[PDB]
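Structural overview
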Amino acid sequence: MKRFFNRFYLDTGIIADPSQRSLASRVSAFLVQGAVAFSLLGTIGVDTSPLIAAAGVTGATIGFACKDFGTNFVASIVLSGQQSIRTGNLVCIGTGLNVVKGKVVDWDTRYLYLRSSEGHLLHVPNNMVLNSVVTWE
Amino acid sequence: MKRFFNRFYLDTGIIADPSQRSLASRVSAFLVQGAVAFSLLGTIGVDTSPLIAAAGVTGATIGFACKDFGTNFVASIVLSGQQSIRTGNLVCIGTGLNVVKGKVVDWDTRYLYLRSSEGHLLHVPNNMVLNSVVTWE
Amino acid sequence: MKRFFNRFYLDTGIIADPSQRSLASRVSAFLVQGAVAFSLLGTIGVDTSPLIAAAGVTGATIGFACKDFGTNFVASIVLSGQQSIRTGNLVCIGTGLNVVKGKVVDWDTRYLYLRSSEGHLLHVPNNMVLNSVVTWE
Amino acid sequence: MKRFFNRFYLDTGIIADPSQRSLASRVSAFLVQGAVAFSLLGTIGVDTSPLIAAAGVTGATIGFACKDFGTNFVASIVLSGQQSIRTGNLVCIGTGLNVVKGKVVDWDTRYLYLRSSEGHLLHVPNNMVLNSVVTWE
Amino acid sequence: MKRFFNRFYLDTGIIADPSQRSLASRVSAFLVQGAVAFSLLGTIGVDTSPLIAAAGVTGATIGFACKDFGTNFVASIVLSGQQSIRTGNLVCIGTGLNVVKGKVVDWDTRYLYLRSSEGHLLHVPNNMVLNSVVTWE
Amino acid sequence: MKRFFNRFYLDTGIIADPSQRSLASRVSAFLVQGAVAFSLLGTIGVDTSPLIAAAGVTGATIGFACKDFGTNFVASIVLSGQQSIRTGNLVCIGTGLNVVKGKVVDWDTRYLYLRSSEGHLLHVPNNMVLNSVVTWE
Amino acid sequence: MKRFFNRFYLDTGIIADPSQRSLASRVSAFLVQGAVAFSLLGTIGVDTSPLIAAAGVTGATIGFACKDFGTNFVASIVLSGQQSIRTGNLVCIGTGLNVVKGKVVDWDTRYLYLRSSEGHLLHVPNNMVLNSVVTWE
């Protein structure tokens with residue numbers, strides 16, 4: 001199951017980092033195996049309502065705690081294949097006082113790296129890049 | 001099922017890009033087939049509560065992670081057929097310091113492209129265009 | 001069922017546009033027919049929990065994605081029959097720097113149109129008009 | 001049932017407008033009759049899970065779409081019987097730049113009307129009056 | 001049941017106003033009696049799922065509509081027995097431009113009354129007092 | 001059960017005030033006894049769905065109304081054992097105009113007390129201290 | 001079970017502090033044992049719906065009360081292995097007036113410690129570091 005999930009993630013392009021892909025494949029395989037085991041246990045007569053409730057509560061708490069990380073990952077996935085965000089492109093993000101100015105140097109799954117005029121490296125979250133006015137010179 | 005979903009999306013006009021339409025058709029066909037298979041499995045006696053709980057948790061997490069993308073897509077769908085947003089029209093979006101000024105050059109499913117006076121390309125999110133005061137000269 | 005829903009929407013005044021009324025009637029008729037079919041299927045013994053879960057997840061995601069459009073529509077419905085918002089009335093919306101000044105020219109289900117002193121057409125969202133201080137001269 | 005709901009709304013003072021009271025009585029009577037009919041149908045053996053799910057989804061979407069209207073109505077109900085908000089009383093609402101200054105002229109279920117020094121009529125939402133610092137001279 | 005709920009509210013100190021206490025006692029007695037009646041009806045065989053769903057939807061909508069009132073009431077309950085908020089005490093609420101300055105004159109379940117230097121009566125919501133920096137001279 | 005809950009709260013250090021500990025022990029014992037009684041009633045055949053629904057709705061409404069108090073309590077629990085927040089330590093909380101300056105004098109479960117340069121006592125909510133930049137000289 | 005959870009937390013690197021790891025292991029072991037006991041009780045015939053409802057309500061309230069702590073912990077986990085945040089690195093967090101300037105001195109699971117130019121110790125929450133523009137010189 002781990003190999004199947006790894007191949008699916010590679011083909012769909014959701015995860016490109018091999019380490020993240022392996023970790024996600026392991027997590028997904030564990031979740032699927034647990035769900036199948038719970039269904040098999042409940043088939044024969046064993047009550048599964050407490051187990052389902054506890055698993056759902058834990059999963060909801062974990063997902064709500066990792067909301068920012070998930071949002072940044074989804075923004076990174078969506079922003080892929082954008083002509084504005086390319087290496088060497090001078091971009092400006094934000095309107096008003098909350099403005100960010102620099103040249104794109106590297107692209108990540110959590111941050112967008114810009115090189116300022118003074119040489120400082122700027123780490124702009126991908127969610128911030130998603131919900132903002134991007135100005136490309 | 002994929003062809004049926006593709007034809008439905010084409011006729012309803014929700015998705016116009018052929019690639020996005022094909023991807024959405026594949027996803028919808030997979031979801032419908034999975035739901036039918038789960039119902040058939042539960043009909044004969046196999047417990048389906050753990051599978052339903054896991055699928056619902058995963059779907060809720062994915063939908064909450066793609067909230068910004070979905071909102072931008074819905075805003076793009078709604079804004080279609082607006083006389084204010086046309087190629088060559090000079091529009092102004094926002095009130096106060098958070099103001100955006102330019103001429104519409106291209107329209108997308110994620111961004112609204114404006115050409116400033118200096119020539120910089122502005123990427124205004126469609127959700128931002130939805131919930132803002134649009135000024136058309 | 002489509003004719004019944006169209007007549008109900010016409011009588012209740014929720015939807016006045018014939019095209020929107022027809023689309024809403026078709027959607028409502030489809031939803032009611034699907035619910036009745038699911039209930040009939042579940043009556044004879046076929047498990048319906050996976051189908052109900054999938055339909056509910058899809059409906060919740062769609063409704064949460066169209067939240068802004070629904071809010072604007074409800075604001076348009078509520079604001080109807082307001083003496084302040086009339087054609088030719090000079091109104092001012094907002095307090096502070098985020099202020100909008102103009103004369104009402106046309107009223108829509110998504111936007112409120114104002115003509116500025118310079119002649120620019122202002123598109124004020126109906127939700128913004130709902131939750132703001134309206135100043136009428 | 002309509003007469004009973006109308007009398008209850010009149011006695012409890014939640015709704016004072018006869019038209020709004022009649023509309024709310026009709027809606028409540030329809031909801032109660034539908035719930036009783038669904039319970040009776042489910043008693044004899046007909047599956048009611050799809051119908052309950054569809055009705056709940058529709059009701060949740062409608063209630064979330066009318067959130068602002070409901071909040072304004074509740075604020076209007078709560079603010080009743082306040083010595084500060086009386087006809088002819090000079091009140092000031094808000095702190096900082098977002099300030100509203102005028103004399104109370106009329107009170108509504110959606111807006112609070114103030115007459116400025118220049119004579120402009122101010123429409124302050126009741127929810128805004130609830131969650132703000134009210135200054136009475 | 002009304003007398004029991006009234007005595008409980010009096011002893012626990014949640015509600016001190018006799019009118020509010022009587023209204024809350026009536027509401028709580030009605031809710032408990034309705035729940036017991038529904039349970040008794042469902043015991044003998046009558047389906048109760050539609051009734052439970054409708055009651056839950058109505059209760060959730062009402063509770064979400066009265067969120068501000070409930071929050072202000074809870075803040076009033078919590079703030080009781082605070083040395084800073086006493087009659088004749090000169091307090092300052094808020095930081096920055098959104099600042100409120102005055103002397104405490106009267107305390108309520110919805111508002112905190114302050115007398116300014118000019119003599120204007122300030123109505124500070126109890127929720128605002130809860131989530132703000134209180135400065136006591 | 002009250003003694004067991006009191007001892008557990010004392011050992012875990014969640015509640016240190018004897019009065020609050022006793023009140024929480026009474027509430028927890030009542031909740032556990034009610035849950036056990038409901039389970040016993042439902043075991044013999046009495047329908048418990050209406051009772052569970054009503055109890056859950058009431059508990060959710062109460063918990064959502066006491067959200068600020070619960071958040072402040074949790075922040076007080078978390079901030080315990082912080083070298084920055086000590087008696088006699090000069091700390092500064094917040095960035096920008098919304099800044100608070102003073103010396104720590106007393107620590108509470110709802111507020112953090114600071115003594116300004118002029119001698120005014122500042123009541124900073126513990127939730128505000130949690131989600132802010134603390135500057136220690 | 002406590003030893004298994006402790007080893008899992010150590011291997012996965014989610015918790016590095018031995019005290020926090022032991023506390024989390026105890027909590028997780030208690031939760032798993034309680035879920036298994038509830039399932040075993042419900043298998044033989046004892047109704048478990050009230051117990052599940054009460055446990056779920058309590059868990060949801062606790063998780064919503066500890067939302068800030070959980071978010072800060074998740075941000076601390078995510079930020080690990082970032083070249084920008086290292087001891088002795090001069091970083092700047094935030095844009096506009098809400099800006100923080102200093103040199104990293106120590107890293108924690110709740111705060112990020114910076115040494116200003118004047119020598120004041122700055123406590124920047126990890127969630128704030130996650131959702132902000134980090135400037136590294």
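Going by the header, the method for this PDB entry is cryo-EM, and the resolution given is 3.18 Å.

The next subject is the overall build of chain A. Scanning chain A for helices and strands turns up five helices and five strands. Sequence-ordered secondary structure for chain A, helices as α and strands as β, is α-α-α-α-β-β-β-β-α-β. In terms of overall dimensions, chain A is more spread out than a globule: its C-alpha atoms have a radius of gyration of 20 Å, far above the 14 Å expected for 137 residues. Sequence-distant contacts, at least 24 apart, represent 38% of the contacts inside chain A between residues at least 6 apart.

Before going further, it helps to spend a moment on a positive patch on the surface. Taken together, the side chains of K67(A), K67(B), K67(C), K67(D), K67(E), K67(F) and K67(G) present a region of like positive charge at the surface. Mapped onto the fold, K67(B) is located in helix 4 (residues 67-79).

For the rest of this paragraph, the subject is the packing of helix 1 (residues 2-12) of chain E against helix 2 (residues 18-44) of chain E. Each pair of packed helices can be summarised by the angle the axes make with each other and by the distance between the axes. All names here are of chain E. Between helix 1 and helix 2, the least distance of the axes is 8 Å, while the angle of their chain directions is 130°. Taken as axis vectors, helix 1 and helix 2 run oblique relative to one another. Helix 2 is crossed by helix 1, and the crossing has right-handed handedness. Contacts from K2, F5, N6, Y9 and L10 of helix 1 reach helix 2 at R21, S22, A24, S25, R26, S28, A29 and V32. Across the contact of helix 1 with helix 2, the residue classes break down as six nonpolar, four polar and three charged.

It is worth spelling out the interface of chain A and chain B at this point. How big an interface is tends to be stated in terms of accessible area lost as the parts join. On the chain B side, the residues contacting the 27 residues of chain A number 26 residues. For the side of chain A that touches chain B, the elements supplying multiple residues, two or more each, are helix 2 (18-44), helix 4 (67-79), helix 5 (126-130) and strand 5 (134-136) of chain A. Looking at the side of chain A that touches chain B element by element, the count peaks at six residues for helix 2 of chain A. In terms of residue class, the side of chain A that touches chain B is built from 11 nonpolar, 14 polar and two charged. As judged from the three bridges shared by strand 5 of chain A and strand 4 (residues 121-125) of chain B, these two strands associate in the antiparallel manner. When the bridges of strand 4 of chain B are listed, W136(A) appears paired with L121(B).

What follows covers the interface of chain F and chain G. Taken together, the contacts link 27 residues of chain F with 26 residues of chain G. Secondary-structure elements contributing two or more residues to the side of chain F that touches chain G are helix 2 (18-44), helix 4 (67-79), helix 5 (126-130) and strand 5 (134-136) of chain F. No other element matches the six residues that helix 2 of chain F contributes to the side of chain F that touches chain G. Its residues assigned to classes, the side of chain F that touches chain G shows 11 nonpolar, 14 polar and two charged.

Further remarks concern the state of the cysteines. Taken as a whole and judged by the stated rule, the model has zero disulfides over all chains. Free of any disulfide, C92(A) has its nearest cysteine sulfur in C92(B), 17 Å distant. Overall, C92(A) belongs to the buried group, its relative accessible area being 15%.

Residues and elements named next belong to chain B. Per the stated rule, a full pass over the model turns up 28 aromatic pairs over all chains. A centroid spacing of 5.8 Å and a plane angle of 65° characterise the contact between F4 and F5, whose relative ring orientation is edge-to-face. Among the residues examined, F5 registers a relative accessible area of 14% and is labelled buried.

Taking C-alpha atoms as the reference, chain B and chain E come no closer than 19 Å and do not contact one another. Separated throughout, chain D and chain G approach each other most closely at a C-alpha pair spaced 19 Å apart.

On to the pairing of strand 2 (residues 100-107) of chain G, then. All names here are of chain G. With four bridges connecting them, strand 1 (residues 90-93) and strand 2 associate as antiparallel partners. Considered in strand 2, the bridge of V91 is made with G102. Direction of pairing for strand 2 relative to strand 3 (residues 111-115): antiparallel, over a ladder of four bridges. What sits directly across from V104, in strand 3, is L114.

About the thresholds
- Residues numbered from 1 in each chain as written, not as in the entry; some residues may be left out.
- Chains lettered and ligands numbered in written order.
- Heavy atoms only, no water.
- Residues with missing side-chain atoms left out of burial classes, pairs and counts.
- Helix = DSSP H or I, 4+ residues; strand = E, 2+ residues; numbered from the N terminus.
- Rg over C-alpha atoms; globule rule 2.2 N^0.38 Å.
- Contact = heavy atoms within 4.5 Å.
- Patch = residues over 30% accessible without salt bridge, like charges linked within 9 Å, V, L, I, M, F, W, Y side chains within 5 Å.
- Areas by Shrake-Rupley, 256 points an atom, 1.4 Å probe, with all protein chains shown as cover.
- Salt bridge = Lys/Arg side-chain N within 4 Å of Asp/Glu carboxyl O.
- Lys, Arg positive; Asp, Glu negative; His and termini not counted.
- Charge placed at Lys NZ, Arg CZ, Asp CG, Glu CD.
- Axes fitted to C-alpha atoms, helices over the stretch in contact; angles between N-to-C directions.
- Parallel < 35°, antiparallel > 145°, perpendicular 65-115°, else oblique.
- Left-handed = near helix turned anticlockwise from the far one by under 90°.
- Nonpolar A, V, L, I, M, F, W, Y, C, P; charged D, E, K, R; others polar.
- Pairing = 2+ DSSP bridges.
- Disulfide = S-S within 2.5 Å.
- Buried < 20%, exposed > 50% of the residue type's maximum accessible area, 1.4 Å probe, protein only.
- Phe/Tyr/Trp six-rings, centres within 6.5 Å; stacked < 30°, edge-to-face > 60°.

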